[PDB]
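Peer 1: I am attaching a structure below and will ask some questions about it afterwards.
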Amino acid sequence: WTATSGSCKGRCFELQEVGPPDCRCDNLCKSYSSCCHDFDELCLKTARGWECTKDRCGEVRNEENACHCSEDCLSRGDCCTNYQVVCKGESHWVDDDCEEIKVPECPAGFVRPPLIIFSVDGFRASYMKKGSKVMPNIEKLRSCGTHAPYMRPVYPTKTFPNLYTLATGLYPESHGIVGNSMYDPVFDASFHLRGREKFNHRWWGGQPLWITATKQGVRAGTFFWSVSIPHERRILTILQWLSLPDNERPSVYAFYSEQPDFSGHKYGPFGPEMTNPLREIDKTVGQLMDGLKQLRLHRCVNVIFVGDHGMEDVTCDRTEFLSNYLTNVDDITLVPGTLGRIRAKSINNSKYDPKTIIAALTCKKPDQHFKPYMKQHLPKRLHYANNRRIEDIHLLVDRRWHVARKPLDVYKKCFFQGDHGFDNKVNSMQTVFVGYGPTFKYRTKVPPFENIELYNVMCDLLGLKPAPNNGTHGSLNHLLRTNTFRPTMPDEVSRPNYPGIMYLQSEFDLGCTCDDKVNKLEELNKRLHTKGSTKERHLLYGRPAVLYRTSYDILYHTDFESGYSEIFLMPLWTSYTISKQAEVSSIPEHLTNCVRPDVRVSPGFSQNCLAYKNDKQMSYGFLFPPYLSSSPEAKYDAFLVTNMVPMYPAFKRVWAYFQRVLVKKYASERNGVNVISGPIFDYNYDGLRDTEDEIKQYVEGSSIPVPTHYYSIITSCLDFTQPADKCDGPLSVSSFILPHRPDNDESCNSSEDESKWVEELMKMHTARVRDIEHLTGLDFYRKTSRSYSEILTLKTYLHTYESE
Ligand SMILES: *[C@@H]1O[C@H](CO)[C@@H](O[C@@H]2O[C@H](CO)[C@@H](O[C@@H]3O[C@H](CO[C@H]4O[C@H](CO)[C@@H](O)[C@H](O[C@H]5O[C@H](CO)[C@@H](O)[C@H](O)[C@@H]5O[C@H]5O[C@H](CO)[C@@H](O)[C@H](O)[C@@H]5O)[C@@H]4O)[C@@H](O)[C@H](O[C@H]4O[C@H](CO)[C@@H](O)[C@H](O)[C@@H]4O[C@H]4O[C@H](CO)[C@@H](O)[C@H](O)[C@@H]4O)[C@@H]3O)[C@H](O)[C@H]2NC(C)=O)[C@H](O)[C@H]1NC(C)=O
Ligand SMILES: O=C(c1cc(OCC2CCOCC2)nc(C2CC2)c1)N1CC[C@@H]2CN(C(=O)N3CCc4c(O)noc4C3)C[C@@H]2CC1
Ligand SMILES: [Ca+2]
Ligand SMILES: [Cl-]
Ligand SMILES: [K+]
Ligand code: NA
Ligand SMILES: [Zn+2]
């Protein structure tokens, strides 16, 4: 209810939203059915089109016109965008050579370059190249400004999660918009595209850019447009606000285009009907730039051209049906499509069982086009678990596919040829980024990056301090000519101890046994290895900093260095370099079940073999792999109890293959590698290092905590003609966070040889170094010759394993 009796005279696209029941004249009024009676007439004028003509030139103003071609239009700020071109012999912005914008070239009384954020729904990354012929305005922004070959969306790659990630710099799990569709069990409410509930404020967490701006005294232009306001009118309105007096003019503006997503759904990402929507978007950008140029603002404003996700080929026939797997189909609720989320239809049904549902959904058909997960077992890179709105059971759907509950759903609810929502590493889900203006670099291509990063940069562009977020601030400094953010390294909280030899062998009663009984040339030599004489070789980038309060030791050895935790009874990290020439050897049998006391570490701070013997499910592995020891004598070090970690037999198959085969392979392909491995404990799946009291599982009868995951960080020279250990320039990294699981149900091929499936598993759980920092509270690459910004970029890098 509004007294829709009031008027919109001199209120058209008012910047503050007014309190019902007085009627509203803002760009959002329709979506709340609250516009004044006269809104359409006053604010949505259409008369005479969107363009001047030779004969409308110098005309007498007629207020009914959509836009003006009279002399005064300029001062008034309401000409058609093509006025100067038609009436004053000016050229279109697209037809001008580009010229470096070294400084903001702004009208007097602008305190900062304005930022215009132009967002295009479903604009797949490859459109920049594949549609380059029909998008000349966008092509000029791209090639003249700063661009990435693509931008990585967040999962799920849907419109609401991604737009709200752009606004906030947060993962969906933190900002709370975890899908286009959602059930919040605490509110007992549902969120849907259709309806009122989505307008309620309790859905939207974090602090979006417009709120950050207001709180800090930067005026923001209402970001949101009622769907039936046509594009031309959005543009003109923005150009209007830009002519406002200094004290009322917004500094930041948003345009949203429903295209090309809307057509891409109907016709597929590359349907022949896709050319026109791309031409129309380019024309809109052309109108913006021509209008900016008319106001002499085209070398003053920073423009960001950004998509929320791409678009994949998806059809009705590529549907998997849960009713083909589950006998109990009507006792579950499915959130369907390009992802699945399952819960109990009724939480009074105590006979519902997630374990049995997971099992009936696992590896059932030879080419199953979805894989079920407990949310906490999803790839950590997705950051999709720590929200009560995310169901315990998740289905990751193959690209090109849909999951539905029953066939009735798919034909009693083909229509569509395109969809999106899949895993965010999927090529067809990648979207765009272009930045153009005084603050962005000129003719510069930057590497791909993730959209969680942009919030920080839009804050930089506006001189705002960002609210706490998931971007890594400074990792996108290389996009910017100035306004860079110069972060310092987090300070180390705990300093390590460096223990010497303090214990006698016979003080250890651990049930551990080792067959190990054997000069001065090589007795001084082992001692210097233990003092750290090869640390320079195996610790290339400094030791990681521990960013929390704890008690740990640095342990030096011939082949590897480790930071051993006295609290968790194992290393936090283990570091070693494997050169291109290194050789794999086997574990001798006088050594197979050997575990040796470490005479630098008390019995009390050590694991014991007995607990592994008692624990019928749990076994153990090693962080530094004995396969890769440098000499028979060094190989004993690999068997120290301080190199030992708890491992399920199922997981050891994974680990042994990685250590025995893949590490050498990466050293061959990359010209040496540096490896840092270690355990992760994330029992509450928040993406953050657990404290000791969060640990849910210990090796039977002991205090040895069981990791949920195992990481490795594999670094080399980007220029691979130099060995990892003598690298003159930038670095190259890949990492993983492997789930530590008692079975291999995740890999449907796992009863075959590891060469068939282990590597694919690792690819799926590829990670950013930054993900591993959050999960461990360590800070890596402390001592390089590289700039800190270049290091933040490296730490945010993700090796996706998709082709070109
Ligand atoms: C991505 O970046 C983000 C942003 O930096 C990171 O998320 C932050 O992580 C912090 C560490 O976990 C977290 O800090 C906690 O905040 C609690 C108070 O928080 C409120 O106020 C803030 C500030 O404005 C607000 O933003 C929060 O908003 C959340 O809550 C509502 C949902 O109800 C949503 O609208 C919103 O979307 C957001 O939800 C998300 O966050 C929460 C956790 O805050 C999740 O549970 C949700 O699922 C969702 O993901 C809040 O309204 C504060 O109480 C916490 O402190 C407890 O724990 C410590 C123990 O050491 C103690 O010091 C405190 O006293 C307190 O303990 C007591 O209560 C305990 C819990 O109730 C209880 O167990 C004890 O017995 C104690 O008595 C804590 O400081 C911060 O809020 C979020 N922020 C956001 C926006 O998400 C994120 O980690 C990054 N991700 C990665 C991978 O890096
Ligand atoms: O005004 C907006 C809009 C803008 C915007 O910007 C944020 C900027 C942040 C700064 O940086 C850049 C962005 N944030 C939001 C919300 C996140 C706050 C909304 N919208 C877009 C969304 C909905 C979907 N839509 C629809 O039909 N689809 C429903 C969902 C969907 C899907 O997933 N595929 O097709 C569809 C079709 C109707 C409505 C259109 C108008
Ligand atoms: Ca945790
Ligand atoms: Cl969804
Ligand atoms: K065992
Ligand atoms: Na399997
Ligand atoms: Zn869509």
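Residues in the structure tokens are numbered from 1 in each chain, the chains being A, B, ... in the order shown, and ligands are numbered from 1 in the order shown.
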What's the 6 Å shell around residue 542 in chain A, counting only C-alpha atoms, without same-chain residues fewer than 3 positions away, as a PyMOL selection string?
Peer 2: chain A and resi 539+782-783
Peer 1: Using only C-alpha atoms and all ligand atoms, find each protein or nucleic acid residue lying at most 7 Å from ligand 2; present the set as a ChimeraX atom specification.
Peer 2: /A:117-119,158-160,163-164,166-167,180,193,209,223-227,254,256,258,261-262,306
Peer 1: If you keep N, CA and C atoms, can you produce a file of those selected residues as a JSON list (two decimals), in the first residue's frame?
Peer 2:
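Output file selection_4.json is given in full below:
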```
[["chain", "number", "residue", "atom", "x", "y", "z"],
["A", 117, "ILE", "N", 30.00, 1.24, -13.30],
["A", 117, "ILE", "CA", 30.12, -0.19, -13.34],
["A", 117, "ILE", "C", 29.04, -0.76, -14.26],
["A", 118, "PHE", "N", 29.47, -1.30, -15.39],
["A", 118, "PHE", "CA", 28.55, -1.76, -16.47],
["A", 118, "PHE", "C", 28.57, -3.29, -16.45],
["A", 119, "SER", "N", 27.55, -3.89, -15.84],
["A", 119, "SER", "CA", 27.49, -5.35, -15.67],
["A", 119, "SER", "C", 26.51, -6.03, -16.67],
["A", 158, "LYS", "N", 25.65, -18.64, -10.73],
["A", 158, "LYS", "CA", 24.33, -18.08, -10.94],
["A", 158, "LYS", "C", 24.37, -16.55, -10.78],
["A", 159, "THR", "N", 23.32, -15.92, -11.27],
["A", 159, "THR", "CA", 23.23, -14.48, -11.27],
["A", 159, "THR", "C", 23.24, -13.83, -9.86],
["A", 160, "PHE", "N", 22.38, -14.26, -8.94],
["A", 160, "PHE", "CA", 22.32, -13.57, -7.61],
["A", 160, "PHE", "C", 23.59, -13.78, -6.78],
["A", 163, "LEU", "N", 26.38, -11.55, -8.56],
["A", 163, "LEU", "CA", 26.20, -10.08, -8.46],
["A", 163, "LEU", "C", 26.48, -9.65, -7.03],
["A", 164, "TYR", "N", 26.13, -10.47, -6.08],
["A", 164, "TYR", "CA", 26.29, -10.04, -4.71],
["A", 164, "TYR", "C", 27.74, -10.23, -4.25],
["A", 166, "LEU", "N", 30.26, -9.59, -6.45],
["A", 166, "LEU", "CA", 30.77, -8.36, -7.03],
["A", 166, "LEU", "C", 30.57, -7.18, -6.08],
["A", 167, "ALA", "N", 29.40, -7.10, -5.44],
["A", 167, "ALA", "CA", 29.04, -6.01, -4.53],
["A", 167, "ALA", "C", 29.82, -6.03, -3.23],
["A", 180, "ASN", "N", 20.26, -18.96, -6.58],
["A", 180, "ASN", "CA", 19.12, -18.15, -7.05],
["A", 180, "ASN", "C", 17.86, -18.49, -6.23],
["A", 193, "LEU", "N", 13.56, -16.08, -7.12],
["A", 193, "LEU", "CA", 13.48, -15.04, -8.18],
["A", 193, "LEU", "C", 12.11, -14.34, -8.21],
["A", 209, "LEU", "N", 29.01, -2.56, -1.81],
["A", 209, "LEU", "CA", 29.73, -1.33, -2.22],
["A", 209, "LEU", "C", 28.96, -0.04, -1.95],
["A", 223, "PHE", "N", 21.79, 1.60, -7.76],
["A", 223, "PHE", "CA", 22.38, 0.57, -8.61],
["A", 223, "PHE", "C", 21.40, -0.23, -9.45],
["A", 224, "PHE", "N", 20.15, -0.19, -9.01],
["A", 224, "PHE", "CA", 19.17, -1.18, -9.40],
["A", 224, "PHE", "C", 18.13, -0.54, -10.27],
["A", 225, "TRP", "N", 17.79, -1.27, -11.33],
["A", 225, "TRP", "CA", 16.83, -0.81, -12.31],
["A", 225, "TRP", "C", 15.70, -1.82, -12.41],
["A", 226, "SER", "N", 14.47, -1.33, -12.20],
["A", 226, "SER", "CA", 13.24, -2.07, -12.54],
["A", 226, "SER", "C", 13.32, -2.57, -13.98],
["A", 227, "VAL", "N", 13.02, -3.85, -14.15],
["A", 227, "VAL", "CA", 13.31, -4.58, -15.40],
["A", 227, "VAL", "C", 12.73, -3.92, -16.69],
["A", 254, "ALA", "N", 25.81, 2.25, -11.38],
["A", 254, "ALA", "CA", 25.73, 0.89, -11.91],
["A", 254, "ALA", "C", 24.69, 0.81, -13.01],
["A", 256, "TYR", "N", 23.02, -2.43, -15.27],
["A", 256, "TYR", "CA", 22.88, -3.85, -15.42],
["A", 256, "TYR", "C", 22.16, -4.18, -16.74],
["A", 258, "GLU", "N", 20.41, -7.44, -18.76],
["A", 258, "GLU", "CA", 19.76, -8.77, -18.64],
["A", 258, "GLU", "C", 20.30, -9.65, -19.77],
["A", 261, "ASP", "N", 22.48, -13.01, -21.23],
["A", 261, "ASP", "CA", 21.96, -14.15, -20.51],
["A", 261, "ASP", "C", 20.57, -14.60, -21.00],
["A", 262, "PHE", "N", 19.67, -13.65, -21.16],
["A", 262, "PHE", "CA", 18.28, -13.93, -21.44],
["A", 262, "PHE", "C", 18.16, -14.71, -22.79],
["A", 306, "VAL", "N", 31.91, -5.72, -16.86],
["A", 306, "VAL", "CA", 32.11, -6.93, -16.08],
["A", 306, "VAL", "C", 30.91, -7.88, -16.26]]
```
Peer 1: I need the residue nearest ligand 5 from this list: A:619, A:750, A:200, A:65. Use only C-alpha atoms and all ligand atoms for the distance.
Peer 2: A:619
Peer 1: Please identify the residues whose atoms come within 9 Å of ligand 4, using only C-alpha atoms and all ligand atoms, and report them as an mmCIF file with C-alpha atoms, in the first residue's frame.
Peer 2:
```
data_model
loop_
_atom_site.group_PDB
_atom_site.id
_atom_site.type_symbol
_atom_site.label_atom_id
_atom_site.label_comp_id
_atom_site.auth_asym_id
_atom_site.auth_seq_id
_atom_site.Cartn_x
_atom_site.Cartn_y
_atom_site.Cartn_z
ATOM 1 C CA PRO A 156 27.511 -21.478 -7.972
ATOM 2 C CA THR A 157 27.808 -19.553 -11.203
ATOM 3 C CA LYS A 158 24.327 -18.076 -10.940
ATOM 4 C CA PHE A 160 22.322 -13.565 -7.614
ATOM 5 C CA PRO A 161 25.362 -15.185 -5.973
ATOM 6 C CA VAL A 178 24.162 -19.112 -1.858
ATOM 7 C CA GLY A 179 21.826 -19.663 -4.834
ATOM 8 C CA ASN A 180 19.119 -18.150 -7.052
ATOM 9 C CA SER A 181 16.779 -20.258 -4.917
ATOM 10 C CA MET A 182 17.124 -20.918 -1.069
ATOM 11 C CA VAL A 335 16.970 -27.694 -5.580
ATOM 12 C CA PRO A 336 17.459 -28.738 -9.235
ATOM 13 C CA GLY A 337 19.235 -27.742 -12.450
ATOM 14 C CA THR A 338 22.954 -27.221 -13.047
ATOM 15 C CA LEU A 339 23.577 -28.045 -9.350
ATOM 16 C CA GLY A 340 21.668 -30.070 -6.857
ATOM 17 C CA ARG A 341 20.890 -29.499 -3.209
ATOM 18 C CA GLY A 421 25.539 -22.601 -12.485
#
```
Peer 1: Excluding residue 109 in chain A and residues on its chain fewer than 2 positions from it, collect all residues at most 8 Å away from it, counting only C-alpha atoms, and give them as a PyMOL selection string.
Peer 2: chain A and resi 107+111+246
Peer 1: What does the distance between atom 34 (C, counted along the ligand's line) of ligand 1 and CA of residue 204 in chain A come to in Å, to one decimal place?
Peer 2: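 Separation between atom 34 (C, counted along the ligand's line) of ligand 1 and CA of residue 204 in chain A: 7.0 Å.
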Peer 1: At what distance in Å, to one decimal, does CA of residue 570 in chain A lie from CA of residue 639 in chain A?
Peer 2: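 Computed distance, CA of residue 639 in chain A to CA of residue 570 in chain A, equals 13.1 Å.
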Peer 1: Select from chain A every residue with an atom at most 12 Å from any atom of ligand 6, then for each give the shortest pair of atoms and their distance in Å to one decimal, using only C-alpha atoms and all ligand atoms, rows by chain and rising number, as JSON lines.
Peer 2:
```
{"residue": "A:359", "atom": "CA", "partner": "ligand 6", "partner_atom_place_in_ligand_line": "1 (Na)", "distance": 11.7}
{"residue": "A:362", "atom": "CA", "partner": "ligand 6", "partner_atom_place_in_ligand_line": "1 (Na)", "distance": 8.9}
{"residue": "A:363", "atom": "CA", "partner": "ligand 6", "partner_atom_place_in_ligand_line": "1 (Na)", "distance": 7.7}
{"residue": "A:364", "atom": "CA", "partner": "ligand 6", "partner_atom_place_in_ligand_line": "1 (Na)", "distance": 11.0}
{"residue": "A:371", "atom": "CA", "partner": "ligand 6", "partner_atom_place_in_ligand_line": "1 (Na)", "distance": 11.6}
{"residue": "A:650", "atom": "CA", "partner": "ligand 6", "partner_atom_place_in_ligand_line": "1 (Na)", "distance": 9.7}
{"residue": "A:651", "atom": "CA", "partner": "ligand 6", "partner_atom_place_in_ligand_line": "1 (Na)", "distance": 11.5}
{"residue": "A:653", "atom": "CA", "partner": "ligand 6", "partner_atom_place_in_ligand_line": "1 (Na)", "distance": 11.8}
{"residue": "A:654", "atom": "CA", "partner": "ligand 6", "partner_atom_place_in_ligand_line": "1 (Na)", "distance": 11.8}
{"residue": "A:741", "atom": "CA", "partner": "ligand 6", "partner_atom_place_in_ligand_line": "1 (Na)", "distance": 11.4}
{"residue": "A:742", "atom": "CA", "partner": "ligand 6", "partner_atom_place_in_ligand_line": "1 (Na)", "distance": 11.1}
{"residue": "A:743", "atom": "CA", "partner": "ligand 6", "partner_atom_place_in_ligand_line": "1 (Na)", "distance": 7.4}
{"residue": "A:744", "atom": "CA", "partner": "ligand 6", "partner_atom_place_in_ligand_line": "1 (Na)", "distance": 4.5}
{"residue": "A:745", "atom": "CA", "partner": "ligand 6", "partner_atom_place_in_ligand_line": "1 (Na)", "distance": 3.9}
{"residue": "A:746", "atom": "CA", "partner": "ligand 6", "partner_atom_place_in_ligand_line": "1 (Na)", "distance": 5.8}
{"residue": "A:747", "atom": "CA", "partner": "ligand 6", "partner_atom_place_in_ligand_line": "1 (Na)", "distance": 4.5}
{"residue": "A:748", "atom": "CA", "partner": "ligand 6", "partner_atom_place_in_ligand_line": "1 (Na)", "distance": 4.1}
{"residue": "A:749", "atom": "CA", "partner": "ligand 6", "partner_atom_place_in_ligand_line": "1 (Na)", "distance": 5.6}
{"residue": "A:750", "atom": "CA", "partner": "ligand 6", "partner_atom_place_in_ligand_line": "1 (Na)", "distance": 4.3}
{"residue": "A:751", "atom": "CA", "partner": "ligand 6", "partner_atom_place_in_ligand_line": "1 (Na)", "distance": 6.1}
{"residue": "A:752", "atom": "CA", "partner": "ligand 6", "partner_atom_place_in_ligand_line": "1 (Na)", "distance": 8.9}
{"residue": "A:753", "atom": "CA", "partner": "ligand 6", "partner_atom_place_in_ligand_line": "1 (Na)", "distance": 11.4}
{"residue": "A:754", "atom": "CA", "partner": "ligand 6", "partner_atom_place_in_ligand_line": "1 (Na)", "distance": 11.2}
{"residue": "A:756", "atom": "CA", "partner": "ligand 6", "partner_atom_place_in_ligand_line": "1 (Na)", "distance": 11.7}
{"residue": "A:757", "atom": "CA", "partner": "ligand 6", "partner_atom_place_in_ligand_line": "1 (Na)", "distance": 9.4}
{"residue": "A:758", "atom": "CA", "partner": "ligand 6", "partner_atom_place_in_ligand_line": "1 (Na)", "distance": 10.8}
{"residue": "A:761", "atom": "CA", "partner": "ligand 6", "partner_atom_place_in_ligand_line": "1 (Na)", "distance": 10.9}
```
